[PDB]
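Heads up, the thing below is written out as structure tokens.
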Amino acid sequence: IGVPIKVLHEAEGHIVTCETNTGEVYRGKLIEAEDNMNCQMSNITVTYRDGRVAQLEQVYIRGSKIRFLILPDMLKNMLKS
Amino acid sequence: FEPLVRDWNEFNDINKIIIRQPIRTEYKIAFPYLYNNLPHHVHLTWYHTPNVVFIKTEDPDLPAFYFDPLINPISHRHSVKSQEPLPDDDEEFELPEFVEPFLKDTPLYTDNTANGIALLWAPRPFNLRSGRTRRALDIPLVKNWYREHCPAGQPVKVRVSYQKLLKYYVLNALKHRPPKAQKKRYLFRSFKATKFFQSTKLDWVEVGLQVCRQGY
Amino acid sequence: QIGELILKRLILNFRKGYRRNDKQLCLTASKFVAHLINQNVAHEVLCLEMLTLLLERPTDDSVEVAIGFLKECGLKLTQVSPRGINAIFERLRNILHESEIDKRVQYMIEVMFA
Amino acid sequence: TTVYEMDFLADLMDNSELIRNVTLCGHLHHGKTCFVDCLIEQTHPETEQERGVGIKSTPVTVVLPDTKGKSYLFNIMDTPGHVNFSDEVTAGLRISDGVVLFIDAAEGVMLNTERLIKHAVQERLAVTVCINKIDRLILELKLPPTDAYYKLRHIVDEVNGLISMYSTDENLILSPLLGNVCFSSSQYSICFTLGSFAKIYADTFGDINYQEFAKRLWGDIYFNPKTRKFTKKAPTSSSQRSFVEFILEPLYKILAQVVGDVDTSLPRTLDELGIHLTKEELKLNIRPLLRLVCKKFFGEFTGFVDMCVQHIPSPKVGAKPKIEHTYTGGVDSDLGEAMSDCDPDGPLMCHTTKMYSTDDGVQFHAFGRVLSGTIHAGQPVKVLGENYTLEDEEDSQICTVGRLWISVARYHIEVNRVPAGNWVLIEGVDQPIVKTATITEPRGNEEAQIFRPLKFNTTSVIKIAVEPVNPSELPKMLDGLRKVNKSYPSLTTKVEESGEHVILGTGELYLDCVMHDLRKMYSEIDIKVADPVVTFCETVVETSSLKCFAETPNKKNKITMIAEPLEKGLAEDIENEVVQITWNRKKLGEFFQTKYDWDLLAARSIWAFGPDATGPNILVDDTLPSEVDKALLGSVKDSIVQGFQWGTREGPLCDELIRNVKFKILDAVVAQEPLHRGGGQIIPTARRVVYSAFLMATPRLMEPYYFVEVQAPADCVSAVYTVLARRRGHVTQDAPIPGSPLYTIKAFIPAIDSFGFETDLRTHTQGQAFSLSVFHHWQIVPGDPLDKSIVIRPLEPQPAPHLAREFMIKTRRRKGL
Amino acid sequence: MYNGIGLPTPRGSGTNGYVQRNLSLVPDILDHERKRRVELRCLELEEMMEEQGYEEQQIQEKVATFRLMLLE
Amino acid sequence: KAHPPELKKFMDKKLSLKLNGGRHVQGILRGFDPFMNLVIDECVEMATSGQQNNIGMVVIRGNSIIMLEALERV
Ligand SMILES: Nc1nc2c(ncn2[C@@H]2O[C@H](COP(=O)(O)OP(=O)(O)OP(=O)(O)O)[C@@H](O)[C@H]2O)c(=O)[nH]1
Ligand SMILES: [Mg+2]
């Protein structure tokens, strides 16, 4: 199991930002993060490629189709590696 | 021991007590503060250390782990006991034919485990595996003997001896001073380093006779 | 030979009472067989077979039959071959703590342990 | 005489959905403090000790990773387990949300364990179990692995039966499949749930699904190798259950290899597990070696944190089913819901339950939970004391905050701010408060209530008089007493009108520690102390065959009332809050008639309950033709009940409480216009009616009893028998312990004769036996309290016919005159 | 058990300080209760009448007779 | 490993599915496997025109699943 993955699981319960492979940007609370990067989130704000926003209560995004995630800086303080 | 240092009160008004059981010194030492006026320089002792239940075996024949007649039969009984959140089969489940009981090539016991467990609750030197070596005078062989509680029918002679050995023991423990200081002259290394002392190996008895002749 | 014929007859009576669900006859024949095992005329393997056939599918009746047998022949089996005592206790604990047994078999097991 | 990590701690506090508040409870010596110690060393590689018994609790809050790595903040209230100190447990039980009950594998359930499951279910907490001290089945008791299974199953089923006994709703049955129980060995670094063990199985071996696996291990599932498919009963192989073959037998072999064959087979077996160990670390002795191997294989602590996280309320979910009980209104308009939000915002309603004195000075640190809002340094706040009702605000002293601390066992890490949902040690709120406090916002007032002060499971019944040696220092001693009344939850101190200071406590060891702190720390005066005696009660045995009726000073109102005895069931219901008259008379009536064939007219007649809200006596009103004088009786009921409760409290015989009695009004000649003459001078009239009936036609005395549970070897049973005979015992039960070489004895003993019974027992048997004691019930003392033909030889012990006589003559001599 | 018997130190006392235990040691009550008897005589009559009718007149009739016929 | 997606929470709920190709459908989750292939019942194609057409019960390959959004509360 990968070092970044452990740090992701650490962000469960925190507000995170996710960009997909298609560039839609989802911000909200990370409920569950699976080993393969599958992500369950809640109370989302989504910002599309045209700039428009929307609001969603509940989402789940497949790990493969995630480009990246932004996590809190609360985590930064795994320095062993 | 000799006493440490050397009118009217109301609580001992003999009309105002109820005496059902006489207070006695063993209570007065179990609970120093509740049962005692002026408790000073008193150490508060209490212990209910979980009674250890180790069953000495008779022979090396029977297996190590073995229900002993001495143990009380479980025979746990209750109502129609219960039923589980038991995920019944006939749906599916299967173990990939790699995994196994974590180590089944190993037997439960050997001709060394019953012994090895008996060694686990044994007096201080023997429950070990390794330590430093002590001097020969530093090893009291008989202390564990006089530290015992009810000699139960020995002449008053030996009971008084028991109590006086306990007294000496306690005074030792009580008056213990840390080393607090150190200068470490080495008499014999200082001697050997001079041009006047030589060294050898002798029979004990020989240097015994030498020391006595030289004393004379 | 005479006591042997008596043993064969008590074996017939015990297997009859048991196989035909006759509580009284099975109980009496088990009484004679336990008295034999204590008088040292009936072997330990046959008493083992009796206790095992009674505790094969223990109900109130068959477990209680084993319990009555044991209340008298628990000394012979446990002093000649404690293996019988250990097997009896373990099998009792399993069949009376892991199957749908009631206060009847519960208290029979309790009497056994007593 | 944690730089980049405390910030992380703060953000965890701020999440309020990554924290869990749990109380670590159980019986005596069953593993709590060692659990906590090995745990803080897992996180930090960075009186009591001589006692070997913990007396007062300690809180720890630490950050633990689970079986997925997500860190949590854990609030762990390590309690003492001596049945005499149950007070401390109650404290934790309020300010926490779940309970981890530690049970011993070798003993099972005993006194304090069952009593704590009772106290935990009646306060509606979460209940988890750790069956600890499992090596005592392998190394010590030497049990075939299947009988280890049998014993574990037995313990779980019995705790299940009891938790069902005290709680109606079959919402939860405990079994490790649900994630309710860890298996542990605090000192040998092993704690595991079926979840954690199956995940270990998966991670080291192939990719098997650990969840579905864990669903299959405990509880009579067998497994056939060929099919590789677990089954209910159908091996005739005479094989073991899934549990044995897959979890126990491997654990037996681990231990047996470590302690038996450390020299030969251990390197091989260690290879087969994946642990590598240095030459230097295989030169350890067997206990350190065993623990090191078990730590290296079993990982740190995942079983516990997993079980708890999975079944903790998480104060955010948390609060709502709690403020039913804690809060005096619960949820009405403003604060019930506000707290239920658990938002770090606004209201700032906190509950402070402890005060840990600083070694140096007199001051304390109040310790409490912040339900709503967020506390900061210097924050001006207003306390709400225990007597404060909304229309008596003098009780609220107004103050501020000096420092803020957060706790590991004995390390104080000072912070600036704390949000709702945590515990905190607040400096500055010491001087205003006593046992309980409710903190609210200073100068920002909306309006505030208090949570009902702590309720305790046991009644404090032992009595000790205190005086200084020279009265010159009576004030200093008084300082001292205040302080200890501060630090001990159920220590009740009162200065009795005969001029003394009586201290009222739980047991002999309790009072010993009280006086230890009294003489050691809080005041250095030399103090005399009387011998222990107990507090009594008054009751009757038959009805007042004739009545004395009291009439006003200004002879206006005539009050006729008699007395008679209740039955025990309904009086205990009065105590249990089962017949709470907070109902309407309708519910009262159905209750009474339905259950004990009480009269519906008896129900219409029942007015109130006496000594206080909870008083085992009853006041009844039965005179129909004057009954319709509701103009006058409906007027006078207030003074009537006041005089009733006064009379019940202040005692007729020896100034002590009465119980188990029913009084009846049979003629109320009320003054027409019962103005202020009546209203003022009728309360003593009422209580003299009470005394009149009571003393008139059957005084009797009542004294408490103690429940004693004695562990003992098989032989020394007779020994304890004899002891209990000397002290008026009545041993009830004596029973094997299943799977142990010990017998358990359960017996009663008059709390009078309970003094030194423990040490007497242990001395006579060379420490082998050991008893704990609890108050259980009162009872009739066999004497006639009121007989002048009974004279008392003033120092030898009385025989039974006169115990009550003596008992009064002594106590009044010091109090009643 | 040094139970408040003996010497602090048997030291300069001329004795060994050995202690032992002394082996040779051994009238409205009836009228108020009639109104109580009368009490349920109105309610329980009006109740048993309520069981067969709560018209408050048929029960007042059964209660009025039970009050007059009993007091007679 | 060979893990399941954690979707039991979403079982028998109405969902909005964003697929690759800018494709979007809506339907009730009836099941799944470790590859995140889905069974969706009462499925409706939301054509880029805005028009919606009922396609019934269908299989969506997890490969081409970008994102799902619940139209219910879980
Ligand atoms: N054999 C064995 N003993 C253990 C184990 N874990 C803890 N102990 C016991 O733990 C004791 C240490 O104090 P604790 O019993 O933990 O303290 P406690 O349980 O809170 O009891 P109190 O402090 O009086 O409430 C030692 O006496 C050991 O007997 C264990 O895993 N195996
Ligand atoms: Mg402790």
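Simple scheme: letters A, B, ... for chains in structure tokens order, numbers from 1 for residues in each chain, numbers from 1 for ligands in the order shown.
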
Checklist line | 10 Å shell around ligand 1 using only C-alpha atoms and all ligand atoms, listed as a PyMOL selection string | finding: (chain B and resi 47-52) or (chain D and resi 24-38+48-49+51-57+78-83+85+102-106+132-140+184-191+291)

For chain D, list the residues within 7 Å of chain B, counting only C-alpha atoms, and write the list as a compact mmCIF listing (two decimals) with C-alpha atoms, in the first residue's frame.
# COMPACT_ATOMS: atom_id res chain seq x y z
CA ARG D 51 -1.05 1.42 46.69
CA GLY D 52 -1.07 -0.63 43.50
CA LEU D 139 0.36 -19.84 30.28
CA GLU D 140 -1.27 -19.87 33.68
CA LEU D 141 -4.37 -22.05 33.57
CA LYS D 142 -3.11 -24.26 30.73
CA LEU D 143 -6.35 -24.92 28.88
CA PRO D 144 -6.88 -26.95 25.72
CA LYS D 151 -14.71 -20.03 28.57
CA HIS D 154 -19.38 -18.29 28.49
CA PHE D 205 -1.18 -14.14 3.02
CA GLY D 206 -3.14 -13.91 -0.20
CA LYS D 215 -18.02 -12.60 9.42
CA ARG D 228 -12.48 -24.47 1.26
CA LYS D 229 -16.01 -23.40 2.19
CA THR D 231 -20.08 -24.74 6.95
CA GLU D 245 -8.40 -23.68 14.40
CA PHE D 246 -8.02 -20.23 12.88
CA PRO D 250 -2.20 -20.42 16.08
CA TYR D 252 -1.32 -21.23 21.40
CA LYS D 253 1.48 -22.29 19.08
CA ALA D 256 4.23 -22.31 23.25
CA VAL D 259 8.19 -19.83 26.16
CA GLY D 260 8.93 -23.49 25.61
CA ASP D 261 11.28 -23.75 22.65
CA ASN D 285 14.02 -12.85 28.93
CA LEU D 511 -12.29 7.11 54.40
CA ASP D 512 -8.70 6.08 54.92
CA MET D 515 -8.07 11.30 55.91
CA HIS D 516 -4.80 10.61 54.13
CA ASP D 526 -3.08 17.21 63.86
CA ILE D 527 -6.57 15.73 63.95
CA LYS D 528 -8.42 13.35 66.21
CA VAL D 529 -10.87 10.99 64.56
CA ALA D 530 -13.61 8.93 66.12
CA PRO D 736 -17.65 -22.85 41.59
CA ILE D 737 -16.03 -20.49 39.13
CA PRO D 738 -16.31 -22.14 35.71
CA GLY D 739 -12.84 -22.82 34.46
CA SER D 740 -10.93 -21.78 37.56
CA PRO D 741 -9.64 -23.38 40.76
CA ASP D 753 -19.86 -5.58 61.79
CA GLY D 756 -12.14 -4.86 59.50
CA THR D 759 -8.48 -7.73 56.76
CA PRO D 794 -21.54 0.33 79.02
CA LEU D 795 -18.58 -1.39 77.32
CA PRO D 797 -21.18 -6.06 73.53
CA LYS D 810 -25.53 6.02 71.99
CA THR D 811 -26.39 8.14 68.97
CA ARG D 813 -26.24 10.90 73.50
CA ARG D 814 -23.95 12.51 70.92

Next item on the list: Find the distance between atom CA of residue D:429 and atom CA of residue D:366 and write it in Å to one decimal.
Entry: 6.4 Å

Next item on the list: Rank nothing, just name the residue among C:114, C:108, C:88, C:26 nearest to chain D, using only C-alpha atoms.
Entry: C:114

Next item on the list: Considering only C-alpha atoms, extract the chain D residues located within 6 Å of chain A and return them as a list in words.
Entry: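 Applying the cut-off to the listed atoms yields residues 4, 8 and 70 of chain D.
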
Give me every strand (DSSP E or B) residue in chain F, going by DSSP on the backbone, as a compact mmCIF listing (two decimals) with N, CA, C and O atoms, in the first residue's frame.
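Listed below is the output, out.txt:
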# COMPACT_ATOMS: atom_id res chain seq x y z
N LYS F 14 -32.04 6.06 -6.61
CA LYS F 14 -31.96 6.72 -7.91
C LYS F 14 -30.68 7.55 -7.99
O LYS F 14 -30.37 8.30 -7.05
N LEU F 15 -29.99 7.43 -9.12
CA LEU F 15 -28.67 8.04 -9.33
C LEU F 15 -28.58 8.78 -10.67
O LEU F 15 -29.35 8.51 -11.60
N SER F 16 -27.63 9.71 -10.74
CA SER F 16 -27.29 10.46 -11.96
C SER F 16 -25.86 10.11 -12.36
O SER F 16 -24.93 10.37 -11.60
N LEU F 17 -25.69 9.52 -13.55
CA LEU F 17 -24.40 8.94 -13.98
C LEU F 17 -23.77 9.73 -15.12
O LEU F 17 -24.33 9.83 -16.20
N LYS F 18 -22.58 10.25 -14.86
CA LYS F 18 -21.82 10.96 -15.87
C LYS F 18 -20.85 9.95 -16.51
O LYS F 18 -20.02 9.34 -15.83
N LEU F 19 -20.98 9.76 -17.82
CA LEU F 19 -20.17 8.79 -18.55
C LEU F 19 -19.24 9.52 -19.50
O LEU F 19 -19.42 10.71 -19.76
N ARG F 23 -21.60 11.92 -21.96
CA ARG F 23 -22.87 11.20 -21.92
C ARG F 23 -23.36 11.14 -20.47
O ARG F 23 -22.56 11.05 -19.52
N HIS F 24 -24.68 11.28 -20.30
CA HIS F 24 -25.32 11.26 -18.99
C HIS F 24 -26.62 10.43 -19.01
O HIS F 24 -27.47 10.60 -19.89
N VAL F 25 -26.76 9.54 -18.02
CA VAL F 25 -27.97 8.74 -17.85
C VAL F 25 -28.42 8.79 -16.37
O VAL F 25 -27.62 9.13 -15.49
N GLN F 26 -29.68 8.41 -16.11
CA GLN F 26 -30.23 8.34 -14.73
C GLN F 26 -31.00 7.06 -14.50
O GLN F 26 -31.81 6.66 -15.35
N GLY F 27 -30.78 6.42 -13.35
CA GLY F 27 -31.51 5.19 -13.00
C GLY F 27 -31.22 4.64 -11.60
O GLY F 27 -30.32 5.15 -10.89
N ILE F 28 -31.91 3.55 -11.25
CA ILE F 28 -31.80 2.94 -9.92
C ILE F 28 -30.72 1.85 -9.84
O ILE F 28 -30.75 0.88 -10.61
N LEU F 29 -29.80 1.98 -8.88
CA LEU F 29 -28.72 1.00 -8.75
C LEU F 29 -29.24 -0.38 -8.32
O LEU F 29 -29.79 -0.51 -7.23
N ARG F 30 -29.05 -1.38 -9.17
CA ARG F 30 -29.46 -2.74 -8.85
C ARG F 30 -28.31 -3.69 -8.54
O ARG F 30 -28.55 -4.82 -8.08
N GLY F 31 -27.07 -3.26 -8.74
CA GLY F 31 -25.91 -4.10 -8.41
C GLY F 31 -24.60 -3.71 -9.05
O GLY F 31 -24.55 -2.86 -9.93
N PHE F 32 -23.53 -4.36 -8.61
CA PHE F 32 -22.18 -3.99 -9.04
C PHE F 32 -21.21 -5.15 -8.80
O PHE F 32 -21.51 -6.09 -8.05
N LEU F 38 -21.83 -1.68 -13.37
CA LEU F 38 -23.11 -1.47 -12.69
C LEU F 38 -24.28 -2.09 -13.42
O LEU F 38 -24.27 -2.21 -14.65
N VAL F 39 -25.29 -2.49 -12.64
CA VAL F 39 -26.64 -2.75 -13.17
C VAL F 39 -27.52 -1.56 -12.79
O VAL F 39 -27.63 -1.23 -11.62
N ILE F 40 -28.10 -0.90 -13.79
CA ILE F 40 -29.00 0.22 -13.56
C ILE F 40 -30.37 -0.05 -14.14
O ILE F 40 -30.49 -0.34 -15.33
N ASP F 41 -31.40 0.03 -13.29
CA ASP F 41 -32.78 -0.25 -13.68
C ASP F 41 -33.53 1.05 -13.96
O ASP F 41 -33.18 2.10 -13.42
N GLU F 42 -34.55 0.94 -14.81
CA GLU F 42 -35.41 2.07 -15.22
C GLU F 42 -34.54 3.22 -15.74
O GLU F 42 -34.75 4.40 -15.42
N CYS F 43 -33.55 2.87 -16.53
CA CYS F 43 -32.56 3.83 -16.96
C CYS F 43 -33.12 4.76 -18.03
O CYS F 43 -33.94 4.35 -18.86
N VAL F 44 -32.66 6.01 -18.00
CA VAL F 44 -33.09 7.04 -18.95
C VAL F 44 -31.87 7.77 -19.50
O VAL F 44 -31.08 8.30 -18.71
N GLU F 45 -31.73 7.79 -20.83
CA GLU F 45 -30.69 8.55 -21.52
C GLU F 45 -31.04 10.04 -21.58
O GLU F 45 -32.10 10.41 -22.07
N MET F 46 -30.16 10.90 -21.06
CA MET F 46 -30.41 12.34 -21.07
C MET F 46 -29.67 12.89 -22.28
O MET F 46 -28.50 13.22 -22.17
N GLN F 52 -35.17 13.25 -23.07
CA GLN F 52 -34.85 12.05 -22.28
C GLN F 52 -35.63 10.86 -22.77
O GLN F 52 -36.81 10.96 -23.00
N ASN F 53 -34.97 9.71 -22.93
CA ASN F 53 -35.63 8.51 -23.47
C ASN F 53 -35.35 7.27 -22.64
O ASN F 53 -34.20 7.00 -22.22
N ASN F 54 -36.42 6.53 -22.37
CA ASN F 54 -36.39 5.39 -21.46
C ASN F 54 -35.78 4.17 -22.15
O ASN F 54 -36.20 3.77 -23.25
N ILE F 55 -34.75 3.60 -21.53
CA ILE F 55 -34.01 2.48 -22.10
C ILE F 55 -34.13 1.20 -21.27
O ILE F 55 -33.64 0.13 -21.68
N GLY F 56 -34.80 1.29 -20.12
CA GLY F 56 -35.04 0.11 -19.26
C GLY F 56 -33.84 -0.27 -18.41
O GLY F 56 -33.05 0.59 -18.01
N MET F 57 -33.72 -1.56 -18.12
CA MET F 57 -32.62 -2.05 -17.28
C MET F 57 -31.39 -2.34 -18.13
O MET F 57 -31.47 -3.03 -19.14
N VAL F 58 -30.25 -1.81 -17.67
CA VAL F 58 -29.02 -1.78 -18.46
C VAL F 58 -27.76 -2.11 -17.64
O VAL F 58 -27.78 -2.08 -16.40
N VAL F 59 -26.68 -2.43 -18.37
CA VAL F 59 -25.33 -2.64 -17.81
C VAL F 59 -24.42 -1.49 -18.22
O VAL F 59 -24.23 -1.21 -19.41
N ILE F 60 -23.81 -0.85 -17.22
CA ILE F 60 -22.76 0.14 -17.47
C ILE F 60 -21.41 -0.42 -17.02
O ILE F 60 -21.22 -0.69 -15.82
N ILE F 65 -17.36 4.84 -16.50
CA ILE F 65 -18.00 5.63 -15.43
C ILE F 65 -17.10 6.72 -14.91
O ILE F 65 -16.04 6.43 -14.33
N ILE F 66 -17.47 7.98 -15.16
CA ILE F 66 -16.67 9.13 -14.71
C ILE F 66 -17.03 9.42 -13.26
O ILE F 66 -16.16 9.50 -12.39
N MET F 67 -18.32 9.58 -13.04
CA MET F 67 -18.84 10.08 -11.78
C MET F 67 -20.29 9.66 -11.63
O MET F 67 -21.04 9.61 -12.61
N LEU F 68 -20.68 9.39 -10.39
CA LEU F 68 -22.09 9.25 -10.06
C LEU F 68 -22.47 10.17 -8.91
O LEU F 68 -21.63 10.52 -8.06
N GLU F 69 -23.74 10.57 -8.94
CA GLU F 69 -24.34 11.48 -7.98
C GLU F 69 -25.69 10.91 -7.57
O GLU F 69 -26.50 10.55 -8.43
N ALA F 70 -25.94 10.80 -6.27
CA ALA F 70 -27.22 10.31 -5.79
C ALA F 70 -28.28 11.41 -5.92
O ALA F 70 -28.01 12.57 -5.61

Check: How would you write, as a PyMOL selection string, the set of residues in stretch 28-57 of chain E that DSSP gives as alpha helix (DSSP H)?
Finding: chain E and resi 28-51

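If you look at atom CA of residue D:747 and atom CA of residue D:111, they are 12.1 Å away from each other.
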
Next item on the list: Using only C-alpha atoms, find which residues of chain F lie within 10 Å of chain D and jot them down as a PyMOL selection string.
Entry: chain F and resi 1-4

Item checked: Atom pair atom CA of residue A:33 / atom CA of residue A:63: separation (Å) ->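 Spanning atom CA of residue A:33 to atom CA of residue A:63 is a straight-line distance of 9.0 Å.
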
Next item on the list: Find the residues of chain E in contact range of chain D, meaning any atom within 8 Å when counting only C-alpha atoms, and list them as a list in words.
Entry: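 Every residue of chain E that passes the 8 Å test is in residues 29, 32, 35, 36, 39 and 40 of chain E.
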
Margin query: If the cut-off is 10 Å, can you tell me the residues of chain D near chain C, counting only C-alpha atoms? I'd like them as a PyMOL selection string.
Written below: chain D and resi 146-147+150+153-154+219-220+736

Note to self: Taking 4 positions as the minimum chain separation for residues in the same chain, which residues sit within 12 Å of residue B:3 when counting only C-alpha atoms? Answer as a ChimeraX atom specification.
What the structure shows: /E:7-11

Write the residues you've just listed into a file as a PDB file, in the first residue's frame, and include N, CA and C atoms for each of them.
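Writing the result to part-v9.pdb gives the following:
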ATOM      1  N   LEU E   7       4.098  -3.747  77.380  1.00  0.00           N
ATOM      2  CA  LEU E   7       5.034  -2.657  77.540  1.00  0.00           C
ATOM      3  C   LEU E   7       5.452  -2.124  76.183  1.00  0.00           C
ATOM      4  N   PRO E   8       5.898  -0.874  76.105  1.00  0.00           N
ATOM      5  CA  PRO E   8       6.485  -0.418  74.841  1.00  0.00           C
ATOM      6  C   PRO E   8       7.747  -1.182  74.504  1.00  0.00           C
ATOM      7  N   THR E   9       8.629  -1.339  75.479  1.00  0.00           N
ATOM      8  CA  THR E   9       9.891  -2.045  75.357  1.00  0.00           C
ATOM      9  C   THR E   9      10.117  -2.839  76.627  1.00  0.00           C
ATOM     10  N   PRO E  10      10.367  -4.114  76.541  1.00  0.00           N
ATOM     11  CA  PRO E  10      10.609  -4.875  77.760  1.00  0.00           C
ATOM     12  C   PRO E  10      12.040  -4.703  78.202  1.00  0.00           C
ATOM     13  N   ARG E  11      12.563  -3.486  78.150  1.00  0.00           N
ATOM     14  CA  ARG E  11      14.008  -3.393  78.050  1.00  0.00           C
ATOM     15  C   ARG E  11      14.689  -3.209  79.394  1.00  0.00           C
TER      16      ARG E  11
END

Next item on the list: Find the spatial neighbours of residue A:67, counting only C-alpha atoms, within a cut-off of 7 Å - ignore same-chain residues fewer than 5 positions away - and output them as a count of residues only.
Entry: 3
